[PDB]
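These are the residues of each chain, in order.
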Amino acid sequence: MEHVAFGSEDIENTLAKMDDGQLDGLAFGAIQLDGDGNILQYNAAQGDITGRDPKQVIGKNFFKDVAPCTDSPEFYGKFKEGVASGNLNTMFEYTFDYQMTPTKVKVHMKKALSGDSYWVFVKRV
Ligand SMILES: *C(=O)/C=C/c1ccc(O)cc1
């Protein structure tokens, strides 16, 4: 277990050092996306919340394939604007309901430090 708090201001600095194994020790869900929304990293805590098997979703498109309920101005729209503007830091509540029991979460999206990557952080509410 990696001690990093959800919403920490310098979270992107902290997570740049972690490899996939250590991401799996976080207390919250973490997804790393490229600028097109393809999944690069998906941790164990996220799979505990959504039921997905982390290794099976890496490489899939989050908005088109895995999470169609986020294909909306309120989620996807915010991501696409942040990728265009090159800056992103927003937190909101959302409900995940595709092929799963409707689950309410807090979502934190933030630009990664390295190049064209973006974090999606999730915890239950
Ligand atoms: C809506 O379709 C949400 C689905 C979803 C959210 C987060 C994930 O990791 C997987 C599925």
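Residues numbered from 1 in each chain as written, not as in the entry; some residues may be left out. Heavy atoms only, no water.

- What the entry reports as its method is X-ray crystallography, with 1.60 Å given for the resolution.

- You'll find the chain entered in the PDB entry as Photoactive yellow protein, with Halorhodospira halophila given as the organism.
- Check the Function section of the UniProt entry for the chain; it says "Photoactive blue light protein. Probably functions as a photoreceptor for a negative phototaxis response."
- Regarding the chain, the UniProt comment filed under Sequence similarities reads as follows: "Belongs to the photoactive yellow protein family." (UniProt positions renumbered as here; feature names shortened; annotations may be inferred.)

**Focus on the overall build of the chain**
Then comes step 1: Looking only at helices and strands, the chain features six helices and five strands.
Then comes step 2: Shown N-terminal to C-terminal, the secondary structure of the chain runs as helices and strands in the order α-α-β-β-α-α-α-α-β-β-β.
Then comes step 3: A compact globule built from 125 residues would reach a C-alpha radius of gyration of about 14 Å, and the chain, at 13 Å, matches this within 12%.
Then comes step 4: Based on the C-alpha atoms only, the size of the chain along its principal axes is roughly 30 × 30 × 25 Å.
Then comes step 5: Across the 125 residues in the chain, those meeting the buried criterion constitute 43%.
Then comes step 6: Contacts spanning at least 24 positions in sequence make up 40% of the contacts within the chain whose residues lie at least 6 apart. (Helix = DSSP H or I, 4+ residues; strand = E, 2+ residues; numbered from the N terminus. Rg over C-alpha atoms; globule rule 2.2 N^0.38 Å. Buried < 20%, exposed > 50% of the residue type's maximum accessible area, 1.4 Å probe, protein only. Contact = heavy atoms within 4.5 Å.)

**Side note on the sheet that holds strand β1 (residues 29–34)**
Hydrogen bonds between backbone groups are what pair the strands of a sheet, and the pairing can be parallel or antiparallel.
Then comes step 1: Pairing is antiparallel in the open sheet, where five strands are placed in the order β2-β1-β5-β4-β3. What marks the edges here is a single partner per strand, and that holds for β2 (39–42) and β3 (89–96). Adjacent strand axes in the sheet meet at a mean angle of 25° when their direction is disregarded.
Then comes step 2: Alignment of β3 against strand β4 (residues 103–111), held across eight bridges, turns out to be antiparallel. Its bridge partner being in β4, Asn89 is matched across the sheet by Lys110.
Then comes step 3: On the sheet, helix α6 (residues 76–85) packs against β1, β3, β4 and β5 (117–124) and is oriented at approximately 150° with respect to β5. (Pairing = 2+ DSSP bridges. Axes fitted to C-alpha atoms, helices over the stretch in contact; angles between N-to-C directions.)

**Things to note about the UniProt feature "domain: PAS" in the chain**
Then comes step 1: The positions UniProt marks with the feature "domain: PAS" are residues 23–86.
Then comes step 2: Measuring from the first to the last C-alpha atom of residues 23–86 gives 24 Å, for a span that is 42% helix and 16% strand.

**Overview of the site of the ligand**
Then comes step 1: The full set of residues close to the ligand is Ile31, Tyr42, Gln46, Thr50, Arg52, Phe62, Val66, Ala67, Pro68, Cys69, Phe96 and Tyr98.
Then comes step 2: Within the side chain of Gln46, one N or O atom sits 3.0 Å away from an oxygen atom of the ligand.
Then comes step 3: Residue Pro68 places a main-chain N or O atom 3.3 Å away from an oxygen atom belonging to the ligand.
Then comes step 4: Coverage of the ligand by the protein chains reaches 100% of its 310 Å² of free accessible surface.
Then comes step 5: At the level of secondary structure, the elements contributing two or more residues to the shell around the ligand comprise α3 (44–50) and α5 (62–66). (Near = heavy atom within 4 Å. Polar contact = N/O pair within 3.5 Å; in protein donor to acceptor, adjacent residues only side chain to side chain. Areas by Shrake-Rupley, 256 points an atom, 1.4 Å probe, with all protein chains shown as cover.)

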